[PDB]
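There is one chain below, alone, in structure tokens, taken in the form deposited in one PDB entry.
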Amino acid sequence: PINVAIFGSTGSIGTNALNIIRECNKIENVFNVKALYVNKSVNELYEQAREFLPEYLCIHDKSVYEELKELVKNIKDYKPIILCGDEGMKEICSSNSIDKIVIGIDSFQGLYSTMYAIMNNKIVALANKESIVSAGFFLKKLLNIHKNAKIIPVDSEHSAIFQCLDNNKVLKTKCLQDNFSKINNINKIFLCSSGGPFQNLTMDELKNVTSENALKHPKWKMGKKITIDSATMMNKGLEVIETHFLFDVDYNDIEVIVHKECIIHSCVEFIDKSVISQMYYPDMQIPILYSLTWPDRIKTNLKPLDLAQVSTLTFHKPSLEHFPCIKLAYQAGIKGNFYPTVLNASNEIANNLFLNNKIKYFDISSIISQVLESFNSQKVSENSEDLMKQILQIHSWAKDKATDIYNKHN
């Protein structure tokens, strides 16, 4: 019986996790949902608690804490431990009844909860790519100290890569470890991209695209920030750095490939040049499920892939002139140090400015480039606590520098 906590259970990752858990549990009792954690969605959490009956409930916002206590009195034969804030989150991570934690929260609370899950030697199913890009050095150090802790990737391309690896090799190492690629015989990665809504657009058309164009009739309905990142291909840029950190693959050995059908989710070339790929319909339930079942798989009732119906799969190179965010991501990754932290923070601001019609498409990459050029490399702190503060200071600095650049030109 797999004992799982869901952090951010009313978000997209959290609700997809509970859906696949429900469906798999109908086939065979595999999962025990031990904890649910949300920001402020009391009614939604109450409804989840009535179905899954977790041992723990937690809610960040303290003004709806007593409302939650009163709601759960309506549930028959059920006496949960009801907690609140960061202290509740810490108590959940330290519980001996929890084996695996799905991190479905963004920004700092994602990183903070990941930190606590690692400190308690848990399996961490991590969907927040920005935390790996920004704080990769810190997570790597924490994983070296807490030897039984593991990060298992949920980001679909990185789940795909992970699924292409031989678990007889994977089990000798773990993600975010030096020498991961060597142990797994990895030569090179094909990192698949949908390409977003702008692949056929000219440079002159790209000059005038708006956030409405990027968000209009999405093929897959996902959040605004990632949709804008998909449009600029900064999503893939961030994912290149994520690949480097998770799998210890050199930047020269990561190739972005535009695959508009989104059936092949990524591919791994091994040292003999054989290539393995993972395929399914574009659906987050498979990557989430594998993060919770690894190193095994369990039965689902998901729709089987019909390759004859799919019929055609296509691949092409992305144009770096048209999608300069990709180039900037590689440059930041290759330069190393805290340049990925700066890239991520400056993109957070630029993405949001574009979303709100404050800047143009190529201003996104212009601002990111300028902030990157404004940063000086820093000696990397050997001390774990100093290193986290260093990352947070640089993050804050880069957001401010991006905002100042905007303000001056405006």
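Take the two forms, superpose them, and find the largest set of C-alpha atoms that agree within 1.5 Å; that set is the rigid core. The first residue of the sequence shown is number 1, and the count goes up from there.
Missing here is the form deposited in another entry; even so, the following discussion is about that form.
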Q: Compare C-alpha positions between this form and the one not shown after fitting on the rigid core and state which of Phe108, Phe315, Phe270, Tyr251 moves by at least 2 angstroms.
A: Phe108
Q) On a core-based superposition, does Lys379 travel 2 Å or more at its Cα between this form and the one not shown? A) no
Q) Core aligned, does the CA of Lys219 move at least 2 Å between this form and the one not shown? A) yes
Q. With the core lined up, does the C-alpha of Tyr65 move 2 Å or more between this form and the one not shown?
A. yes
